[PDB]
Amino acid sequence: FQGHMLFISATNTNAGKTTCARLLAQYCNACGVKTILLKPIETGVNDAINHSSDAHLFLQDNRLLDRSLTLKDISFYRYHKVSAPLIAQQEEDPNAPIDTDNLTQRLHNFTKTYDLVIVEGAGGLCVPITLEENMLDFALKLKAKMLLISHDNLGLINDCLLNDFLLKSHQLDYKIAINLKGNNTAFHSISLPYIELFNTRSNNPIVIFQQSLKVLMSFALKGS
């Protein structure tokens, strides 16, 4: 088999995809599992003046494995508008719809040279890419496994379970992981009691990302 592919989505923008992706790739690389970070679609950027977008952060990490990589090797559709990608594309690049067949080829080409290809999405599972496809559709076309990152605040129960319902209704292997930030102990008192109950009753438990680097590495790499 060629390298494994793990898509990283989230309950919400700013839940922690980039933070968690970078931590997981660092952990895998430290275990000798050669791992690249890709951000194929990114909104909210201005590359002429700012070098700290997600693709820039990924690029810094990635060049520890390949100095020759450049931004355009790991991120392909980039927009200024802080919006769903479909809208940003229609406004800023009307003649170039996002081509997910092209993306699928470019992402799978990295499975030749990496043990694990981590793909950060944008927006959320239902956020529109093209007129006919959302982020989940893209992940399904990739045949990737899915890591959905949740925020750690009140509301995470509802958000996790809305995504669980959508994911379980589709043919893909997925995990949900809560990105539990430092200084948050309300989580343990308010939300954790239900996560624990849910996990006794579910075949696919919701985990805490920070407790789960080994589990998530195992998940990403298992099988064919």
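Start at 1 with the first residue shown and count on from there.
- 123 to 131 and 139 to 147 differ in mean CA B-factor, and the higher of the two is recorded for 123 to 131.
- Note on 46 to 54 vs 178 to 186: mean CA B-factor is higher in 46 to 54.
- The deposited CA B-factor of residue 28 belongs to the middle third of values across its chain.
- Looking at the C-alpha B-factors along this chain, the one for residue 75 belongs to the lowest third.
- Per-chain ranking of the deposited C-alpha B factor places residue 96 in the highest third.
- Compared with the other modelled residues of the chain, the Cα B-factor recorded for residue 197 ranks in the middle third.
- Among the modelled residues of the chain, residue 168 sits in the middle third by CA temperature factor in this PDB entry.
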